[PDB]
>>> print(open('upload_16.cif').read())   # mmCIF, C-alpha atoms
data_structure
loop_
_atom_site.group_PDB
_atom_site.id
_atom_site.type_symbol
_atom_site.label_atom_id
_atom_site.label_comp_id
_atom_site.auth_asym_id
_atom_site.auth_seq_id
_atom_site.Cartn_x
_atom_site.Cartn_y
_atom_site.Cartn_z
ATOM 1 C CA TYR P 264 -45.839 -6.263 5.984
ATOM 2 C CA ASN P 265 -45.166 -7.435 9.547
ATOM 3 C CA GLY P 266 -41.639 -8.808 9.175
ATOM 4 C CA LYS P 267 -39.251 -8.462 12.105
ATOM 5 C CA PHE P 268 -35.912 -9.940 13.155
ATOM 6 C CA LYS P 269 -33.761 -10.088 16.284
ATOM 7 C CA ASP P 270 -30.110 -9.127 16.667
ATOM 8 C CA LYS P 271 -27.448 -11.087 18.543
ATOM 9 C CA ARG P 272 -28.032 -8.655 21.430
ATOM 10 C CA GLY P 273 -31.785 -9.338 21.535
ATOM 11 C CA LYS P 274 -32.645 -5.986 19.945
ATOM 12 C CA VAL P 275 -35.725 -6.278 17.732
ATOM 13 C CA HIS P 276 -35.542 -4.679 14.274
ATOM 14 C CA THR P 277 -38.828 -4.031 12.486
ATOM 15 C CA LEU P 278 -38.403 -4.161 8.717
ATOM 16 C CA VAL P 279 -40.981 -1.426 8.040
ATOM 17 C CA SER P 280 -39.986 1.618 10.091
ATOM 18 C CA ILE P 281 -38.605 5.148 9.861
ATOM 19 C CA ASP P 282 -35.668 6.140 12.046
ATOM 20 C CA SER P 283 -36.493 8.387 15.017
ATOM 21 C CA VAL P 284 -40.266 7.885 14.742
ATOM 22 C CA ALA P 285 -42.549 6.438 17.407
ATOM 23 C CA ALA P 286 -43.872 2.976 16.591
ATOM 24 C CA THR P 287 -47.421 4.143 17.360
ATOM 25 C CA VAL P 288 -47.360 6.394 14.274
ATOM 26 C CA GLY P 289 -48.271 4.717 11.003
ATOM 27 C CA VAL P 290 -45.363 4.312 8.596
ATOM 28 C CA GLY P 291 -44.892 2.982 5.079
ATOM 29 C CA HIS P 292 -42.518 2.973 2.128
ATOM 30 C CA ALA P 293 -43.378 3.397 -1.558
ATOM 31 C CA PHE P 294 -41.512 2.064 -4.588
ATOM 32 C CA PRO P 295 -42.278 1.044 -8.184
ATOM 33 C CA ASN P 296 -42.519 -2.567 -9.317
ATOM 34 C CA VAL P 297 -39.873 -3.446 -11.902
ATOM 35 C CA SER P 298 -39.444 -7.208 -11.495
ATOM 36 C CA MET P 299 -41.064 -8.026 -14.845
ATOM 37 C CA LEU P 300 -38.373 -6.085 -16.746
ATOM 38 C CA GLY P 301 -35.948 -8.952 -16.118
ATOM 39 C CA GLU P 302 -32.616 -8.515 -17.874
ATOM 40 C CA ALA P 303 -33.465 -4.854 -18.567
ATOM 41 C CA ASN P 304 -33.863 -4.130 -14.829
ATOM 42 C CA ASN P 305 -31.212 -1.448 -14.278
ATOM 43 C CA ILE P 306 -32.784 0.084 -11.148
ATOM 44 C CA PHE P 307 -32.120 -2.573 -8.478
ATOM 45 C CA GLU P 308 -28.938 -4.647 -8.441
ATOM 46 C CA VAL P 309 -26.743 -6.550 -5.991
ATOM 47 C CA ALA P 310 -22.961 -6.831 -6.277
ATOM 48 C CA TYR P 311 -20.820 -9.808 -5.282
ATOM 49 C CA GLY P 312 -17.075 -10.058 -4.778
ATOM 50 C CA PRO P 313 -14.368 -12.651 -4.186
ATOM 51 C CA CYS P 314 -13.089 -13.966 -0.870
ATOM 52 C CA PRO P 315 -9.551 -13.604 0.533
ATOM 53 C CA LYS P 316 -8.791 -17.293 -0.076
ATOM 54 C CA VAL T 54 67.006 -34.185 5.918
ATOM 55 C CA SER T 55 70.259 -32.378 6.678
ATOM 56 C CA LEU T 56 73.904 -32.585 5.646
ATOM 57 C CA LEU T 57 76.191 -35.335 6.933
ATOM 58 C CA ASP T 58 79.257 -34.845 9.129
ATOM 59 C CA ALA T 59 82.558 -36.635 8.584
ATOM 60 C CA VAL T 60 83.844 -39.037 11.239
ATOM 61 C CA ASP T 61 87.180 -40.722 11.850
ATOM 62 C CA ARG T 62 87.501 -44.118 10.192
ATOM 63 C CA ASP T 63 88.881 -45.982 13.214
ATOM 64 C CA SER T 64 86.371 -44.572 15.714
ATOM 65 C CA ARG T 65 83.599 -46.365 13.778
ATOM 66 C CA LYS T 66 80.967 -43.840 14.861
ATOM 67 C CA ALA T 67 78.020 -42.736 12.739
ATOM 68 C CA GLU T 68 74.896 -40.570 12.570
ATOM 69 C CA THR T 69 71.154 -41.194 12.512
ATOM 70 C CA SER T 70 68.009 -39.471 11.255
ATOM 71 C CA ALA T 71 65.038 -38.497 13.396
ATOM 72 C CA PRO T 72 61.617 -40.042 12.683
ATOM 73 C CA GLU T 73 58.702 -38.423 10.891
ATOM 74 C CA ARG T 74 55.842 -36.458 12.461
ATOM 75 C CA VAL T 75 52.150 -37.259 11.933
ATOM 76 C CA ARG T 76 49.314 -34.892 12.828
ATOM 77 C CA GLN T 77 45.547 -34.601 12.414
ATOM 78 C CA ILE T 78 43.067 -31.748 11.967
ATOM 79 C CA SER T 79 39.343 -31.022 11.586
ATOM 80 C CA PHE T 80 36.945 -28.536 9.990
ATOM 81 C CA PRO T 81 33.468 -27.133 10.701
ATOM 82 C CA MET T 82 31.046 -26.037 7.968
ATOM 83 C CA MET T 83 28.811 -23.039 7.295
ATOM 84 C CA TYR T 84 25.013 -23.221 7.070
ATOM 85 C CA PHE T 85 22.807 -20.796 5.126
ATOM 86 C CA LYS T 86 19.022 -20.529 5.067
ATOM 87 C CA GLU T 87 16.316 -18.085 4.039
ATOM 88 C CA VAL T 88 12.531 -17.990 3.794
ATOM 89 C CA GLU T 89 9.894 -16.397 1.574
ATOM 90 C CA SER T 90 6.123 -16.555 1.232
ATOM 91 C CA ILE T 91 3.264 -15.639 -1.102
ATOM 92 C CA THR T 92 -0.170 -14.505 0.090
ATOM 93 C CA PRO T 93 -3.357 -13.660 -1.826
ATOM 94 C CA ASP T 94 -3.106 -9.947 -1.007
ATOM 95 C CA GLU T 95 -0.196 -9.759 -3.474
ATOM 96 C CA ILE T 96 -2.454 -10.666 -6.423
ATOM 97 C CA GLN T 97 -5.827 -9.212 -5.392
ATOM 98 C CA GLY T 98 -6.340 -6.280 -7.742
ATOM 99 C CA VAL T 99 -2.628 -5.603 -8.297
ATOM 100 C CA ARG T 100 -1.926 -4.505 -11.861
ATOM 101 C CA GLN T 101 1.048 -5.890 -13.731
ATOM 102 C CA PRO T 102 3.649 -3.134 -14.271
ATOM 103 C CA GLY T 103 3.975 -3.596 -18.034
ATOM 104 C CA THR T 104 0.278 -3.781 -18.974
ATOM 105 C CA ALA T 105 -2.940 -1.771 -18.728
ATOM 106 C CA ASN T 106 -5.654 -3.998 -17.232
#
>>> encode(input="upload_16.cif", output="structure tokens")
Amino acid sequence: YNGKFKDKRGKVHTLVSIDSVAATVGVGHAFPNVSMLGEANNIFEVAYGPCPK
Amino acid sequence: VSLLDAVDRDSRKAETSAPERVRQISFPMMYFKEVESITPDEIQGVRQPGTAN
């Protein structure tokens, strides 16, 4: 995965990285795949709230 | 009006009454005002005193 984004200040943020580690060193993240569980997926969730209006 | 004074018959003198007095006046009036407002922060997550949830 080679995703990367830029901040308003021009700072480049690489999606796949470990804090305080040189970019030259290989790095990766591991996780299990749960998408197929659908409505029973209790491991990953996102919350949403109201606005001040 | 006031009492009347006796005069001699032959002198043929008399009395007279002064005229009335008229006057005028004016009044100001009092003004009252007050303000109040309602904002969303008064109803965002604020429980009603007499209930549970």
>>> resolve_selection(input="upload_16.cif", expression="the PyMOL selection byres ((chain P) within 10 of (chain T))", output="ChimeraX atom specification")
/P:313-316
>>> atom_distance(input="upload_16.cif", atom1="atom CA of residue P:293", atom2="atom CA of residue P:309")
19.9 Å
>>> residues_around(input="upload_16.cif", residues="residue T:69", least_positions_apart="6", cutoff="12 Å", atoms="all atoms listed in the file", output="JSON, numbers by chain")
{"T": [54, 55, 56, 57, 58]}
>>> write_last_selection(input="upload_16.cif", atoms="C-alpha atoms", output="PDB file, in the frame of the given file")
ATOM      1  CA  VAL T  54      67.006 -34.185   5.918  1.00  0.00           C
ATOM      2  CA  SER T  55      70.259 -32.378   6.678  1.00  0.00           C
ATOM      3  CA  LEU T  56      73.904 -32.585   5.646  1.00  0.00           C
ATOM      4  CA  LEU T  57      76.191 -35.335   6.933  1.00  0.00           C
ATOM      5  CA  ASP T  58      79.257 -34.845   9.129  1.00  0.00           C
TER       6      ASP T  58
END
>>> axis_aligned_box(input="upload_16.cif", around="stretch 74-82 of chain T", padding_each_side="8 Å", output="JSON")
{"center_x": 43.4, "center_y": -31.6, "center_z": 10.4, "size_x": 40.8, "size_y": 27.2, "size_z": 20.9}
>>> atom_distance(input="upload_16.cif", atom1="atom CA of residue P:278", atom2="atom CA of residue P:266")
5.7 Å
>>> closest_residue(input="upload_16.cif", among="P:289, P:311, P:264, P:301", to="residue P:277", atoms="only C-alpha atoms")
P:264
>>> resolve_selection(input="upload_16.cif", expression="the PyMOL selection byres ((chain P and resi 291) around 9)", output="list in words")
residues 279, 280, 281, 289, 290, 292 and 293 of chain P
>>> atom_distance(input="upload_16.cif", atom1="atom CA of residue T:100", atom2="atom CA of residue P:310")
21.9 Å
>>> closest_residue(input="upload_16.cif", among="T:98, T:105, T:62, T:70", to="residue P:312", atoms="all atoms listed in the file")
T:98
>>> resolve_selection(input="upload_16.cif", expression="the PyMOL selection byres ((chain P and resi 307) around 12)", output="PyMOL selection string")
chain P and resi 294-298+300-306+308-310
>>> build_atoms(input="upload_16.cif", residues="stretch 69-105 of chain T", atoms="N, CA and C atoms", output="compact mmCIF listing (two decimals), in the coordinates of the input")
# COMPACT_ATOMS: atom_id res chain seq x y z
N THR T 69 72.48 -40.62 12.67
CA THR T 69 71.15 -41.19 12.51
C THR T 69 70.16 -40.07 12.25
N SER T 70 69.04 -40.43 11.61
CA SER T 70 68.01 -39.47 11.26
C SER T 70 66.80 -39.62 12.17
N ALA T 71 66.20 -38.49 12.53
CA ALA T 71 65.04 -38.50 13.40
C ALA T 71 63.81 -39.01 12.64
N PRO T 72 62.80 -39.51 13.36
CA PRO T 72 61.62 -40.04 12.68
C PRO T 72 60.68 -38.94 12.22
N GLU T 73 59.67 -39.35 11.46
CA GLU T 73 58.70 -38.42 10.89
C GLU T 73 57.64 -38.04 11.92
N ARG T 74 56.89 -36.99 11.60
CA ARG T 74 55.84 -36.46 12.46
C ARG T 74 54.50 -36.57 11.75
N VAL T 75 53.50 -37.10 12.46
CA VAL T 75 52.15 -37.26 11.93
C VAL T 75 51.20 -36.44 12.79
N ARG T 76 50.24 -35.79 12.14
CA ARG T 76 49.31 -34.89 12.83
C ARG T 76 47.95 -34.99 12.16
N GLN T 77 46.93 -34.51 12.87
CA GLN T 77 45.55 -34.60 12.41
C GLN T 77 44.83 -33.28 12.68
N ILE T 78 43.80 -33.01 11.88
CA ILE T 78 43.07 -31.75 11.97
C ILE T 78 41.59 -31.98 11.66
N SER T 79 40.78 -30.92 11.78
CA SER T 79 39.34 -31.02 11.59
C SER T 79 38.81 -29.69 11.09
N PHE T 80 37.58 -29.72 10.56
CA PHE T 80 36.94 -28.54 9.99
C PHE T 80 35.46 -28.49 10.32
N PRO T 81 34.93 -27.31 10.67
CA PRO T 81 33.47 -27.13 10.70
C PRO T 81 32.93 -26.71 9.34
N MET T 82 31.63 -26.45 9.24
CA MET T 82 31.05 -26.04 7.97
C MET T 82 29.97 -24.99 8.22
N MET T 83 29.71 -24.18 7.20
CA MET T 83 28.81 -23.04 7.30
C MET T 83 27.44 -23.40 6.75
N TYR T 84 26.39 -22.93 7.43
CA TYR T 84 25.01 -23.22 7.07
C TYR T 84 24.30 -21.93 6.71
N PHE T 85 23.57 -21.94 5.59
CA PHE T 85 22.81 -20.80 5.13
C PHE T 85 21.36 -21.20 4.90
N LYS T 86 20.45 -20.27 5.19
CA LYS T 86 19.02 -20.53 5.07
C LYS T 86 18.29 -19.21 4.88
N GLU T 87 17.17 -19.26 4.18
CA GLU T 87 16.32 -18.08 4.04
C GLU T 87 14.91 -18.55 3.70
N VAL T 88 13.94 -17.66 3.92
CA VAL T 88 12.53 -17.99 3.79
C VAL T 88 11.83 -16.92 2.97
N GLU T 89 10.72 -17.31 2.36
CA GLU T 89 9.89 -16.40 1.57
C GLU T 89 8.49 -16.99 1.48
N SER T 90 7.51 -16.12 1.25
CA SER T 90 6.12 -16.56 1.23
C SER T 90 5.33 -15.72 0.24
N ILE T 91 4.20 -16.29 -0.19
CA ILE T 91 3.26 -15.64 -1.10
C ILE T 91 1.87 -15.72 -0.49
N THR T 92 1.16 -14.61 -0.49
CA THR T 92 -0.17 -14.50 0.09
C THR T 92 -1.12 -13.88 -0.92
N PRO T 93 -2.42 -14.15 -0.80
CA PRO T 93 -3.36 -13.66 -1.83
C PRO T 93 -3.38 -12.15 -1.97
N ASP T 94 -3.05 -11.40 -0.91
CA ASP T 94 -3.11 -9.95 -1.01
C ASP T 94 -2.12 -9.40 -2.03
N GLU T 95 -1.14 -10.20 -2.46
CA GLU T 95 -0.20 -9.76 -3.47
C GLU T 95 -0.76 -9.83 -4.89
N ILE T 96 -1.92 -10.45 -5.08
CA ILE T 96 -2.45 -10.67 -6.42
C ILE T 96 -3.90 -10.20 -6.51
N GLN T 97 -4.44 -9.68 -5.42
CA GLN T 97 -5.83 -9.21 -5.39
C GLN T 97 -5.86 -7.77 -5.89
N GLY T 98 -6.18 -7.60 -7.17
CA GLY T 98 -6.34 -6.28 -7.74
C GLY T 98 -5.06 -5.55 -8.07
N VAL T 99 -3.92 -6.23 -8.03
CA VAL T 99 -2.63 -5.60 -8.30
C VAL T 99 -2.34 -5.70 -9.79
N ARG T 100 -2.20 -4.54 -10.43
CA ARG T 100 -1.93 -4.50 -11.86
C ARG T 100 -0.49 -4.93 -12.15
N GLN T 101 -0.30 -5.56 -13.30
CA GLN T 101 1.05 -5.89 -13.73
C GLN T 101 1.74 -4.63 -14.26
N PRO T 102 3.02 -4.42 -13.92
CA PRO T 102 3.65 -3.13 -14.27
C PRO T 102 3.62 -2.82 -15.76
N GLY T 103 3.81 -3.82 -16.61
CA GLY T 103 3.98 -3.60 -18.03
C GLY T 103 2.71 -3.63 -18.87
N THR T 104 1.54 -3.66 -18.25
CA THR T 104 0.28 -3.78 -18.97
C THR T 104 -0.71 -2.74 -18.46
N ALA T 105 -1.91 -2.76 -19.03
CA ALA T 105 -2.94 -1.77 -18.73
C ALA T 105 -3.98 -2.30 -17.74
